[PDB]
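Written below as structure tokens is the structure these notes are about.
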Amino acid sequence: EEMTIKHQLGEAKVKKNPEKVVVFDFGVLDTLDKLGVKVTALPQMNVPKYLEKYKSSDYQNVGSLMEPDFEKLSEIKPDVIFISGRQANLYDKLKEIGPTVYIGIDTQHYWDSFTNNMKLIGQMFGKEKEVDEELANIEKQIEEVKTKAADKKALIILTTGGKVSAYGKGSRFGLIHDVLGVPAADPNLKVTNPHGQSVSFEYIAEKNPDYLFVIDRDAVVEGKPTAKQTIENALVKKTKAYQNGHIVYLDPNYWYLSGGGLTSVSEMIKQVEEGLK
Ligand SMILES: O=C(NCCCCCNC(=O)c1cccc(O)c1O)c1cccc(O)c1O
Ligand SMILES: [Fe+3]
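The C-terminal residue of the sequence shown carries number 300 in the entry's author numbering, and the numbering is unbroken.
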């Protein structure tokens, strides 16, 4: 009836089937959506398109992803607060208000970490069988995309402010290489930074990948698509990716604002599969 949860930032004591659930990670939000679990509150300042129903006033607004409304959280008295990387620095302040579970993915072990996070949610809400069904469905997706991914060397690029940053194995977006079997154009790219590693257009040209996965950060942070325009560049057009029409624009509503949930991971895999073949 009381759960002891060991997470990356500490230990939370949470009542099973907690009544008031507050969510600061959109992957967890889409997980609770999928499982039919009622949510009390979330930061409504920037909600992913696919989760737009959670913009409803039926949900209490607890601010933005990096600025929680502590007054409002105090008023709610949550039974559980779910957080991920963007709120890690505020863990103590949140835990003072209610039980706080860090449920970001450890990208050094994406599949294991994802699995554990989802199974925890199943245990907390009595949804263990439905979580297991969805995890099996996702495994089937992964296997299928692995067959498509052979020999297709890829570089992962995020665009922001007319600039490009790169990601590789073990990184925020490492699962493309680490789970879905897409080979790395740059196997030595060792990225642990949320916003990736600054690189030149010349660097992209030099790596000359078969496939270029592009995540438009400005589309969700600034509200205007800038990825196509940013990729419009003399040196990038020299790559096999540009030539062969293998520049794949991954939806930042899923990849950037969200990720690590039942629905977001499923849709992420679909976007990779569709991009390859
Ligand atoms: O710690 C983080 N950011 C601190 C620096 C913020 C720099 C300012 N960013 C924005 O205004 C912004 C707004 C909405 C969503 C975002 O992710 C943003 O980065 C962070 C952690 C994990 C994932 C991210 O993505 C992050 O950012
Ligand atoms: Fe960010």
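We treat Cβ as the ideally placed atom computed from N, Cα and C, and that holds for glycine.
Mind checking whether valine 103 and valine 45 have CB atoms under 8 Å apart? Here residue 103 corresponds to residue number 80 of the sequence shown, with the count starting at 1. Here residue 45 corresponds to residue number 22 of the sequence shown, with the count starting at 1. For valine 103 and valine 45, yes; Cβs fall inside 8 Å.
Closest by CA to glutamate 297, which one among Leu273, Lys95 and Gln110? In the sequence shown, the residue the question calls residue 297 occupies position 274. Considering only alpha carbons, the answer is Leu273.
Rounded to whole angstroms, what is the Cα-Cα separation between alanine 264 and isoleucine 99? Counted from its first residue, the sequence shown places residue 264 at position 241. Counted from its first residue, the sequence shown places residue 99 at position 76. Going from the Cα of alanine 264 to the Cα of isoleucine 99 covers about 50 Å.
Between which residues of its own chain and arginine 240 is the CB-CB distance below 7 Å, once the five residues before and five after are set aside? What you label residue 240 is simply residue 217 of the sequence shown in a count that begins at 1. So the list reads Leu181, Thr182, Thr183, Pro275 and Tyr279, once near-sequence residues are dropped.
For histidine 218, does the three-state DSSP call read helix, strand or coil? Within the sequence shown, residue 218 is the residue found at index 195, counting from 1. Reduced to three states, the DSSP call for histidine 218 is coil.
With distances taken from CA atoms, which of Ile199, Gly193, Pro41 and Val202 is nearest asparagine 211? Indexing the sequence shown from 1 puts residue 211 at position 188. Looking at the Cα atoms, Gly193 is the closest of the given residues.
Starting from the C-beta of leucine 198, find all residues in its chain whose C-beta is less than 6 Å away, skip the five residues before and the five after it, and write them out in chain order. Mapped onto the sequence shown, residue 198 falls at position 175. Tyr133, listed in sequence order.
Which residues share a DSSP beta bridge with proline 91? To locate residue 91, count along the sequence shown from 1; it is residue 68. Paired residues: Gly86.
With a threshold of 7 Å (Cβ to nearest heavy atom), would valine 244 be considered close to ligand 1? Indexing the sequence shown from 1 puts residue 244 at position 221. Correct: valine 244 has its Cβ closer than 7 Å to ligand 1.
Cβ neighbours of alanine 250 in the same chain (closer than 8 Å, five flanking residues each side left out): In the sequence shown, counting from the first residue as 1, residue 250 sits at position 227. Cβ neighbours of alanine 250 beyond the five flanking positions: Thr182, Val237, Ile238, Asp239, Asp241, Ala242 and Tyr272.
Among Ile179, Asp135 and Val202, which has the Cα closest to the Cα of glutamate 166? Indexing the sequence shown from 1 puts residue 166 at position 143. When each option's Cα is compared against that of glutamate 166, the closest is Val202.
Beta-carbon proximity check, residue 2 vs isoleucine 161, cutoff 8 Å: The first residue shown for the chain is 24 and the last is 300, placing residue 2 beyond what the model contains.
Identity of the residue in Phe47, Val259 and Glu245 nearest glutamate 229 by Cα: Counting from 1 along the sequence shown, the entry for residue 229 is found at position 206. Of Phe47, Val259 and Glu245, the residue nearest in Cα terms is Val259.
Please determine if the stretch 79-89 and the stretch 56-71 are in contact, where contact requires at least 3 C-beta pairs separated by less than 8 Å. yes
Quick one: what does DSSP say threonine 123 is sitting in, helix, strand or coil? Position 100 of the sequence shown, counted from the first residue, corresponds to residue 123. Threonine 123: strand per DSSP, three-state reduction.
Using a Cβ-Cβ cut-off of 6 Å (strictly less than) and excluding sequence neighbours within five positions of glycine 204, which residues of its own chain qualify? Reading the sequence shown from its first residue, position 181 is the one you call residue 204. Correct list, in chain order: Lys169 and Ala172.
Alpha carbon to alpha carbon, how far is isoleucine 179 from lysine 213? Give it in angstroms, no decimals. For this step, residue 213 is matched to residue 190 along the sequence shown. For this step, residue 179 is matched to residue 156 along the sequence shown. So the alpha carbons of these two residues sit roughly 12 Å apart.
Would you decide whether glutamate 157 is buried or exposed? Buried here means 16 or more other CB atoms lie within 10 Å of its CB. Position 134 of the sequence shown, counted from the first residue, corresponds to residue 157. So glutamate 157 ends up on the buried side.
Between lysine 152 and the rest of its own chain, which residues show a CB-CB distance below 6 Å, the 5 nearest in sequence each way excluded? Along the sequence shown, one-based indexing puts residue 152 at 129. If we look at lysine 152 and ignore the five residues flanking it on each side, it has no Cβ neighbours.
Residues that DSSP places opposite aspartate 239 in a beta bridge: Locating residue 239 in the sequence shown gives position 216, counting from the first residue. Partner(s): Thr182.
Terminal residues of the beta strand (DSSP E) in which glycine 191 lies: Residue numbering aside, residue 191 sits at position 168 when the sequence shown is read from its first letter. Taken as a continuous stretch (DSSP letters only), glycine 191 belongs to no beta strand (DSSP E), as it is neither H nor E.
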